[PDB]
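Peer 1:
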Ligand code: BCL
Ligand code: BCL
Ligand code: BCL
Ligand code: BCL
Ligand code: BCL
Ligand code: BCL
Ligand code: BCL
Ligand code: HEC
Ligand code: HEC
Ligand code: HEC
Ligand code: HEC
Ligand SMILES: [Ca+2]
């Protein structure tokens, strides 16, 4: 159960939920990077604030 | 389990609820700062009171 | 009261109420701060809710030729319809109402070098059709809108009615007004009025005829911008206690007359002055109970008005 | 139209829904 | 388990989201700022 | 015991993100500020 | 234990992908930008 | 034990294939691009 | 058994009948063939 979970987050996360949470945060980081690049490219194409 | 939560609000919060509440208040403060910055930038762009 | 639970409940209730009212307050403050006020309707001295201006479709050479012709001809030289008017008045009418109800240039129908010329230039058919449309307007508001009472206002039918600033390409039945109807339904102008769309209590009629009635009735109240209760007391639809129903009977007769006489005279399209385009209630009333292109009383050549 | 009075009246119409929602939530919570 | 805290946070999040959407649409449909113009 | 289950938070966040992506795409497409699928 | 089951995630992903593909194909066909299926 | 049962997968695949076949046949028939059943 | 023969037989028979009826209706409504004309 509470083996890989750090001592601070023991009452919240299980052993499986910690791994799922790690996957989720990595996905969110990748999505944020891709979104930043997409927004920069769209501003280069056509600025939406004039 | 009632640990690390002050006795004043013990009849309301657990320790997990205490951690969730801390996360919520930190999120609120960050959002408030970003909102203030956004309003300043929008005012510099186009004032709405003249 | 003594426990934390009751104090929390009271504080939560007051916080929720104040947050709701403050949210509504700030929403409406922002809304009224940034949202512009609506524009007031037109104050044109001729039209109800229509303007000829800006007159950018009329070139400078056209105005120069108009002024030269007025200077060289105090009186009209060849007029068959517009009688009792000087060249100045005719030109004012042809600027404000003709060519301002179609939004075209003086060279659309005329020859700039000589305004009295009849043929010899490739735009004589336009002038012929324009004269026929003057005669039609005279007839229309001479024996159809002169039957309405004075409580409606006494507005006249002019060129900007039925045109709304376009010369050709007029759409009596746009796709925007076919929202709940089949996109091929047309007004049943081959019937007689009153009596063409009466269904109540009839045993030689069924739901097919009631549907055909309802299509026309929804067309009517989309063309007026109103509900069914503008012309009816909904507790008895046969009743004639609202004056708009009699006004509508007169206007159904007028539009049937337009179909029979000017769209397909004698049953053949080739003899009409319109390109086989049957009228509707929407063509004049563009979502209002008084057409925007209608002329105010006293603003139409007297020969083309209801007074003669 | 005032649009500020109408919104408060709409909020009253909506808050008329609350007791039935509380009844459903009570039934769900009390029957695990 | 007490129902007060979860209910409060859920209603707060819903209110914030709805208010943000409403204000954004109101500002967009007004034309005061350039923003998304043809 | 926990105030919130992880499963509910994941489900809600995923649904909200998908709905918001669709809404923004449709609003921007309908605005007409960008070319996109013309003709 | 496990917050999610693999079967549920597989079903949700398949349904979402199918719906998205159909929606995009319909939008592109109705736009008129590409020649594709013309009389 | 077992995540997916084979019978349900077979049934779902069969129904999905049939539905897609019908949809594409009707789209192509009503598009008017091919001669096929005309007049 | 994971598979029942009766269910497969019933499903096949119903699906064949429905498809035959549908094809007949589409083909007659098409108007391509000179079939049952007044
Ligand atoms: C949604 C579709 C499928 C599915 C499709 C895939 C695919 C495809 C892969 C996996 C992979 C994994 N899946 Mg899976 N998987 C599904 C459902 C599950 C479920 C579940 C209970 O439902 C679980 C527990 C898992 C578990 C796993 C892990 C065993 C494995 C490794 C995760 C990882 O390293 O991500 C952590 C890393 C990330 C999340 C990377 C982030 C992705 C971003 C968006 C890419 C952009 C890069 C960016 C520009 C750079 C930024 C760097 C980032 C900070 C990392 N999957 C669903 C049903 N899964 C991976 C694998 O097996 O390795 C070979 C893999 O490639
Ligand atoms: C500039 C043009 C407009 C105007 C346009 C807007 C618009 C548009 C918005 C506001 C919003 C606000 N405006 Mg304003 N506003 C104007 C003038 C005013 C005036 C005034 C007296 O002039 C006042 C008092 C305000 C007051 C306010 C507040 C009610 C609010 C800012 C608080 C906030 O959101 O932080 C509170 C902080 C939080 C709620 C924390 C939550 C935020 C966190 C960070 C989550 C963000 C979501 C994120 C995108 C999700 C990403 C997830 C990841 C991908 C994983 N405005 C003028 C007239 N205003 C915003 C609002 O209503 O938000 C509720 C808003 O969207
Ligand atoms: C002229 C107007 C300006 C503009 C002026 C402003 C001003 C002024 C403000 C913003 C703000 C915002 N603007 Mg802006 N903005 C513009 C155009 C845009 C466009 C666009 C496509 O054009 C977008 C997408 C945005 C989007 C945004 C957001 C980043 C932000 C709203 C925050 C919010 O929703 O909090 C409310 C959301 C919530 C309360 C819910 C979010 C919480 C999370 C996401 C919910 C799920 C998490 C949780 C774990 C799930 C489980 C829940 C339970 C635990 C189970 N703007 C234009 C250019 N904008 C506001 C801001 O706050 O800046 C940060 C702000 O004040
Ligand atoms: C650039 C032109 C437009 C604009 C068009 C869009 C469009 C379109 C979108 C945004 C989105 C965003 N925009 Mg923007 N945006 C504009 C201007 C703004 C302004 C501003 C002040 O002007 C602000 C504050 C924003 C802010 C935002 C954020 C709220 C949001 C990015 C969040 C994010 O990181 O998602 C990153 C996404 C994730 C973290 C989710 C993870 C996605 C995964 C990794 C990819 C899944 C793809 C697919 C489904 C899977 C493949 C299938 C296989 C089987 C595996 N925009 C202008 C007006 N904006 C996006 C959004 O709402 O998403 C939530 C969005 O779709
Ligand atoms: C090119 C013209 C159009 C366009 C038309 C389409 C159409 C049409 C489609 C896409 C699809 C996609 N487009 Mg595109 N797309 C355009 C522009 C864009 C832009 C952009 C910024 O301009 C972006 C970001 C995208 C992004 C995308 C992705 C979201 C997606 C492809 C990845 C995927 O998930 O499927 C990859 C698929 C998988 C990873 C799953 C594998 C599926 C397997 C192959 C099963 C298939 C079933 C098979 C036929 C059955 C036979 C089985 C046998 C009997 C055994 N498009 C332009 C405007 N786009 C597709 C989509 O939404 O799919 C979900 C889609 O159908
Ligand atoms: C050529 C003219 C049309 C076109 C018209 C069609 C039509 C019509 C069909 C397809 C189908 C397909 N088309 Mg195509 N298709 C076109 C253009 C495309 C393009 C493209 C980018 O241009 C693509 C990617 C495709 C892709 C596809 C595939 C998705 C699909 C074939 C794969 C499959 O699963 O069948 C392989 C089939 C199997 C693996 C299952 C076979 C099952 C059994 C053997 C057959 C049924 C039983 C029999 C009828 C009765 C006997 C029962 C008793 C014993 C008596 N088409 C053009 C526009 N296309 C088919 C489809 O969607 O099928 C699902 C389909 O019907
Ligand atoms: C010729 C004019 C039309 C056309 C009109 C029809 C019509 C109409 C039918 C078909 C049917 C078929 N057509 Mg065809 N078809 C056309 C063009 C095509 C093209 C093509 C690429 O052009 C293809 C691939 C097909 C393919 C097909 C097959 C899907 C099918 C024949 C195989 C089958 O399963 O039936 C063989 C039938 C069986 C194996 C079932 C037999 C069952 C028993 C023997 C019969 C029971 C009836 C009996 C009265 C009951 C007995 C009870 C007594 C009391 C004892 N057609 C053209 C456009 N087609 C048939 C179908 O869909 O059947 C399912 C069908 O009815
Ligand atoms: C077609 C819609 C026309 C447009 C455009 C213009 N005019 Fe016209 N005009 C038209 C007709 C059918 C007639 C004859 C009326 C009749 O009863 O027969 C006229 C007449 C004139 C005249 C009178 C000249 C004369 O009789 O000697 C003038 C001075 C005149 N029109 C001026 C004029 C101006 C200035 C125009 C541009 C604003 C203009 N016309 C356009 C039909 C049409
Ligand atoms: C409603 C009963 C109308 C009145 C009032 C006026 N016109 Fe008209 N006109 C009407 C129709 C339905 C059409 C056909 C439009 C089409 O798309 O074909 C016309 C056409 C003309 C034309 C010919 C247009 C062209 O050939 O391009 C002219 C020159 C014209 N109308 C002139 C005209 C004038 C001068 C009017 C005021 C006296 C006038 N029309 C009124 C319907 C109606
Ligand atoms: C004014 C533009 C009207 C609107 C708006 C509506 N109706 Fe009407 N209705 C109007 C007239 C001039 C007539 C007489 C038709 C005739 O040929 O004499 C009618 C008639 C009916 C009837 C039948 C009356 C009868 O004696 O049986 C019905 C049932 C009816 N109208 C219904 C109706 C509905 C449902 C309306 C809202 C969609 C509606 N009317 C509007 C004039 C006008
Ligand atoms: C252009 C030739 C029109 C056609 C087509 C229709 N109408 Fe009309 N309508 C027209 C004018 C210029 C006026 C005002 C005349 C006046 O002296 O008031 C009207 C007025 C009406 C009214 C009265 C509105 C009111 O508030 O009292 C009604 C009810 C009306 N018209 C109905 C109506 C219907 C049902 C029509 C289609 C059959 C229709 N109108 C066509 C000009 C024109
Ligand atoms: Ca329709």
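Chains as they are written, first to last, in this note's numbering: chain A, 7 to 56; chain B, 7 to 56; chain C, 443 to 750; chain D, 13 to 44; chain E, 635 to 672; chain F, 282 to 320; chain G, 282 to 320; chain H, 282 to 320; chain I, 635 to 672. Idealized CB from N, CA, C, for every residue including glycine.
1) Going along the chain, which residues of its own chain have a beta-carbon closer than 7 Å to the beta-carbon of residue 673 of chain C, five neighbours each way excluded?
2) Can you pull out the residues from the segment 14-27 of chain A whose beta carbon lies closer than 7 Å to at least one beta carbon of chain B?
3) Within the same chain, show all residues whose beta-carbon is closer than 6 Å to that of residue 314 of chain G, passing over the 5 residues directly before and after it, in chain order.
4) Nearer than 7 Å: is that true of the beta carbon of residue 657 of chain I relative to any heavy atom of ligand 7?
5) Answer yes or no: does any C-beta atom of chain G fall closer than 8 Å to that of residue 294 of chain H?
6) On a Cα-Cα basis, can you pick out the residue from C:694, C:472 and C:729 that is closest to residue 720 of chain C?
7) Given this structure, state the Cα-to-Cα distance separating residue 629 of chain C from residue 479 of chain C, to the nearest angstrom.
8) Looking at residue 606 of chain C and residue 735 of chain C, is the spacing between their C-beta atoms short of 8 Å?
9) Where do the N-terminal and C-terminal ends of the alpha helix (DSSP H) with residue 726 of chain C fall, by residue?
10) Going by alpha carbons, who is nearest to residue 284 of chain H out of G:301, G:287 and G:283?
11) Can you say whether residue 121 of chain A is buried or exposed, counting buried as having 16 or more other CB atoms within 10 angstroms of its CB?
12) Could you name the residues of the same chain whose beta carbon sits closer than 8 Å to that of residue 588 of chain C, not counting the 5 residues immediately before and after it, in chain order?
13) So, are the CB atoms of residue 449 of chain C and residue 17 of chain B less than 8 Å apart?
14) Would residue 666 of chain E pass as an interface residue toward chain B - the criterion being a Cβ-Cβ separation below 8 Å?
15) How long is the line joining the alpha carbons of residue 312 of chain F and residue 460 of chain C, rounded to whole angstroms?
16) With 16 other CB atoms within 10 Å as the buried threshold, where does residue 38 of chain D fall?
17) Does residue 46 of chain B pass the burial test, meaning 16 or more other C-beta atoms within 10 Å, or should it be called exposed?
18) Looking at the strands, I want to know which residues DSSP matches up with residue 553 of chain C.
19) Can you say whether residue 548 of chain C is buried or exposed, counting buried as having 16 or more other CB atoms within 10 angstroms of its CB?
20) Name the residue from C:704, C:622, C:613 and C:639 whose alpha carbon lies nearest to the alpha carbon of residue 582 of chain C.
21) Note the first and the last residue of the continuous alpha helix (DSSP H) segment covering residue 637 of chain C.
22) Considering only the alpha carbon of each residue, which of C:714, C:494 and C:675 lies closest to residue 572 of chain C?
23) Determine the direct distance from the alpha carbon of residue 717 of chain C to that of residue 568 of chain C, and round the result to whole angstroms.
24) Please check if any C-beta of chain J sits within less than 8 Å of the C-beta of residue 40 of chain A.
25) Among C:739, C:743 and C:546, which residue has its Cα nearest to the Cα of residue 489 of chain C?
26) Note down, in chain order, every chain G residue with its Cβ under 7 Å from the Cβ of residue 285 of chain F.
27) Among the candidates C:457, C:540 and C:463, whose CA atom is the shortest distance from the CA of residue 22 of chain D?
28) First and last residue of the alpha helix (DSSP H) that includes residue 295 of chain F?
29) To the nearest angstrom, report how far apart residue 293 of chain F and residue 11 of chain A are at their CA atoms.
30) Compare the C-alpha of residue 319 of chain G against each of H:309, H:304 and H:301 and name the closest.
31) Chain E partners of residue 454 of chain C, CB-CB under 8 Å?
32) Any C-beta of chain F sitting closer than 8 Å to the C-beta of residue 54 of chain A?
33) Could you tell me which chain E residues have their CB closer than 7 Å to the CB of residue 477 of chain C, listed as they occur along the chain?
34) Quick one: Cα of residue 539 of chain C to Cα of residue 654 of chain E, how far?
35) Is there a Cβ of chain D sitting closer than 8 Å to that of residue 466 of chain C, yes or no?
36) Could you tell me whether any non-hydrogen atom of ligand 10 is closer than 7 Å to the CB of residue 729 of chain C?
Peer 2: The relevant details are as follows:
1) 684, 686, 687 and 690
2) 17 and 18
3) none
4) yes
5) no
6) C:694
7) 38 Å
8) yes
9) 723-726
10) G:287
11) Outside the modelled stretch of chain A, which goes from 7 to 56, sits residue 121 of chain A, for which no answer is possible.
12) 748
13) no
14) yes
15) 36 Å
16) exposed
17) exposed
18) C:556
19) buried
20) C:704
21) Note, residue 637 of chain C: premise wrong, no alpha helix (DSSP H); not H, not E.
22) C:714
23) 13 Å
24) Structure shown: chain J not included; protein chains present are A, B, C, D, E, F, G, H and I.
25) C:739
26) Near residue 285 of chain F there are no residues of chain G at all, since even the closest Cβ is about 12 Å away, more than 7 Å.
27) C:463
28) 287-312
29) 24 Å
30) H:309
31) 638 and 642
32) yes
33) 664
34) 50 Å
35) yes
36) no
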